[PDB]
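Student: The deposited numbering applies: residue 1 is where the sequence shown begins, and numbers increase by one.
The beta-carbon is built from N, C-alpha and C at its ideal position, and this holds for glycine as well.
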Amino acid sequence: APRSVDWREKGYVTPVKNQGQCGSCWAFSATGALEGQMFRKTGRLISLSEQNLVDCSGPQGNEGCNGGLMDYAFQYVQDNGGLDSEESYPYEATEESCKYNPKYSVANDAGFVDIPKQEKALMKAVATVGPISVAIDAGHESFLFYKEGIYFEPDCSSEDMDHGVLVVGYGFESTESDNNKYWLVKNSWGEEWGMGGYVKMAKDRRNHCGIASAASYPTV
Ligand SMILES: *[C@@H](C(=O)OCC)[C@H](O)C(=O)N[C@@H](CC(C)C)C(=O)NCCC(C)C
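#1: Hey, would you say the C-beta of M201 is under 7 Å away from at least one heavy atom of ligand 1?
#2: Taking the alpha helix (DSSP H) that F143 falls in, what are its first and last residues?
#3: Whose C-alpha, out of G197, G196 and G169, is nearest the C-alpha of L184?
#4: Using DSSP with H/G/I as helix, E/B as strand and the rest coil, what is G169?
#5: So, residue 247 versus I132, is the Cβ gap smaller than 8 Å?
#6: Look at the alpha carbon of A202 and the alpha carbon of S85, and state the distance between them as a whole number of angstroms.
#7: Taking C-alpha atoms, which residue in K99, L45, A107 and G20 lies nearest to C65?
#8: Helix, strand or coil: how does DSSP classify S29 here?
#9: Would you give the residue range spanned by the beta strand (DSSP E) that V199 belongs to?
#10: Using the three-state DSSP reduction, which class does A73 fall into: helix, strand or coil?
#11: If we count Cβ pairs, one from each stretch, closer than 8 Å, do we get three or more for the segment 32-49 versus the segment 198-215?
#12: For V16 and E191, which I take to be in contact (beta-carbon distance under 8 Å), what is that distance rounded to the nearest angstrom?
#13: Closer than 7 Å to a non-hydrogen atom of ligand 1 - does that hold for the CB of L69?
#14: Considering only residues of the same chain and omitting the five flanking positions on each side of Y91, which have a CB-CB separation below 6 Å?
#15: Thinking just about the alpha-carbon of each residue, which of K117, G81 and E96 is nearest to the one in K103?
#16: Hey, would you say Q60 sits closer than 8 Å to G111, going by beta carbons?
#17: Below 8 Å CB to CB, which residues in the same chain sit around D6 once its five sequence neighbours on both sides are set aside?
#18: State the start and end residues of the unbroken alpha helix (DSSP H) segment that holds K120.
#19: For a test of the three-state rule: what should DSSP assign to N18, helix, strand or coil?
#20: Would you call the CB atoms of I136 and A125 closer than 8 Å?
#21: As a quick exercise: from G149, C98 and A107, pick the residue whose alpha carbon is nearest that of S177.
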């Protein structure tokens, strides 16, 4: 497979968003993955509504600002027959009653694919599909203060993930330790966090922070 992938250069990726103080990481991960697959299909990049997911995908198992899962979001879009655009259903960082309106739907999916729990399988998916939804252990102060370089947290867990994010590619850069490979990850904490809102997370370092343990994408 390729040594370097960046789906932002192919037009698959919207700008970095900010979930605020709502526990809706799962919705931002899911919209990011669906934005990529919809672009793959139609050639149009349209920002999608996280609030739509927060308010409306409870029946699929999500819990609004109290948490959720990207697969449940993908199941909602399939079950519901649509998902509204960001512009039409903007983000409020709080859970309200469902206000979905199919007239303003701009996306659909026919299910989702869970990737085997191996970084090699994740690499194949990123290389051939587009941006991929992933879960990571972000529960460390080092992640809060990340600025640049390849993120490696020795206390990171590969089994207990708490934050859904989006892999938009992978690459390499020479480092002191010769652990040079990284996943290119879009976060949802605004562009002031990390490197314009992105983090390079250690790749092929024993599933660091669990990035390959719960990876998936929607079928479009
Ligand atoms: C993620 C978030 O906003 O983190 C703060 C930045 C949420 O807390 C969240 O939904 N977490 C989620 C696991 C992620 C998606 C890997 C979770 O804890 N889900 C629990 C089960 C769910 C069915 C309610």
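Tutor: Inspection of the coordinates gives the following:
#1: The residue labelled residue 201 in the question sits at position 201 within the sequence shown. Answer for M201: no, Cβ out of range of ligand 1.
#2: Against the sequence shown, residue 143 aligns to sequence position 143. Here the alpha helix (DSSP H) through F143 covers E141 to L144.
#3: On the sequence shown, position 184 is the one that residue 184 refers to. For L184, the nearest C-alpha among the options comes from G169.
#4: Translated into positions along the sequence shown, residue 169 becomes position 169. Strand.
#5: Look at the range of the chain in this structure, 1 to 220, and you will see that residue 247 is not part of it.
#6: Numbered from its first residue, the sequence shown carries residue 202 at position 202. Numbered from its first residue, the sequence shown carries residue 85 at position 85. Using only the alpha carbons, I get a separation of about 33 Å.
#7: Counted from its first residue, the sequence shown places residue 65 at position 65. Here the closest residue by C-alpha is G20.
#8: Residue numbering aside, residue 29 sits at position 29 when the sequence shown is read from its first letter. Here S29 carries a helix assignment [DSSP, helix/strand/coil].
#9: Position 199 of the sequence shown, counted from the start, is the residue given in the question as residue 199. Looking at the DSSP string, the run of the beta strand (DSSP E) that includes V199 is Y198 to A202.
#10: As a working note, residue 73 is residue 73 in the sequence shown. Helix at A73.
#11: no
#12: As a position in the sequence shown, residue 16 is number 16, starting the count at 1. As a position in the sequence shown, residue 191 is number 191, starting the count at 1. Right, their Cβ atoms sit about 5 Å apart.
#13: The residue you call residue 69 lines up with position 69 of the sequence shown. Because some heavy atom of ligand 1 lies under 7 Å away, the Cβ of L69 counts as near it: yes.
#14: Indexing the sequence shown from 1 puts residue 91 at position 91. Excluding positions up to five away in sequence, the list reads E50 and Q51.
#15: As a position in the sequence shown, residue 103 is number 103, starting the count at 1. Checked all of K117, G81 and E96; the closest Cα to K103 is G81.
#16: Within the sequence shown, numbered from 1, the residue matching residue 60 stands at position 60. Within the sequence shown, numbered from 1, the residue matching residue 111 stands at position 111. Cβ atoms of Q60 and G111: not closer than 8 Å.
#17: Working through the sequence shown from its first residue, we reach residue 6 at position 6. Contacts found: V168, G169, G171 and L184.
#18: Locating residue 120 in the sequence shown gives position 120, where the first residue counts as 1. Looking at the DSSP string, the run of the alpha helix (DSSP H) that includes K120 is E119 to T128.
#19: Here residue 18 refers to the residue found at position 18 of the sequence shown. If DSSP states are grouped into helix, strand and coil, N18 belongs with the strands.
#20: Indexing the sequence shown from 1 puts residue 136 at position 136. Indexing the sequence shown from 1 puts residue 125 at position 125. No.
#21: By 1-based counting over the sequence shown, the position of residue 177 is 177. That would be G149, whose Cα lies nearest to the Cα of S177.
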